[PDB]
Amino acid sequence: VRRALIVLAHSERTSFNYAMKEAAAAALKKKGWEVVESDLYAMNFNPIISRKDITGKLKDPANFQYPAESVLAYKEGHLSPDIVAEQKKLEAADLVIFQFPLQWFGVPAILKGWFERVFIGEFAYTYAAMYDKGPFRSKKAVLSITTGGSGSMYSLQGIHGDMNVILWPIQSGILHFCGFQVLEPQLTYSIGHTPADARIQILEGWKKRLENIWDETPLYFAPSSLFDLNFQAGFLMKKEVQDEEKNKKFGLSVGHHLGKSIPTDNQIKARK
């Protein structure tokens, strides 16, 4: 605790995203938090992964493979200076806040490129310690999102569909895959159609929550202990666990629906 990192993915300083970023920093600071920032647009961050990310000789210049090359570079300390700087922030951060506007049912290209360049093997993950057993297992991450469409549009009967499915690839595949303890996402719908007074309360509510996030309960994800970790098995659910689940109405999570009903708001509300 005491050390937070806020990754913002918005170009304008007159936007609500910037407003939400400034509100978070203030609240955390008022509580004695060390707030470090990562304003991707202000830093003119480079989102494209390339051989340039490796500041040295490549093991196989003829057949360049980023995964392999980036890992070796990390091991020998030959990573681009801008990548190493972001990694240093993460290592020291206890809480990581991601502030960004929903873009094409996903994360902005500049933020996506941030994950792709900063989350290097051996540093942010390992196929020998996946998910709950990952390197960031002692950290907590929260997604603060803003949207143009209303909440009803992202409801089970909304034209766009369940928001839980949209959040799944990010909160699970990216954040939790690295070990992160994902907390409930702060969702702000149709911010472009909300009255001023209401916008003030949203910021006040955001600050209020940040006063006790560290004490919040994280979302539920199927523990890695329920799977056979090794290819001889295929990283599949343990036979014992499979049988014991046949007599259940709901699945484990959005991705592990197992063909049954998906636990409502599994990626939006905590507890099981």
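One rule holds for the numbers: they count along the sequence shown, beginning at 1.
- Remark: stretch with higher mean C-alpha B factor among 33-41 and 58-66 is 58-66.
- Taking the mean C-alpha B-factor of each stretch as recorded, 67-75 and 195-203 are not equal, and the higher mean is that of 195-203.
- The top Cα temperature factor in the record, among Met130, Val182, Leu95, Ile145, falls on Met130.
- Out of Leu219, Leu236, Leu210, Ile48, the entry records its largest CA B-factor for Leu236.
- In the deposited entry, the Cα temperature factor of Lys248 sits in the top third of values across the chain's modelled residues.
- Ranked by C-alpha B-factor against the other modelled residues of its chain, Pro101 falls in the lowest third.
- Annotation for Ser172: CA B-factor lies in the lowest third of the chain's modelled residues.
- Among the modelled residues of the chain, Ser190 sits in the middle third by CA temperature factor in this PDB entry.
- Compared with the other modelled residues of the chain, the Cα B-factor recorded for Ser80 ranks in the middle third.
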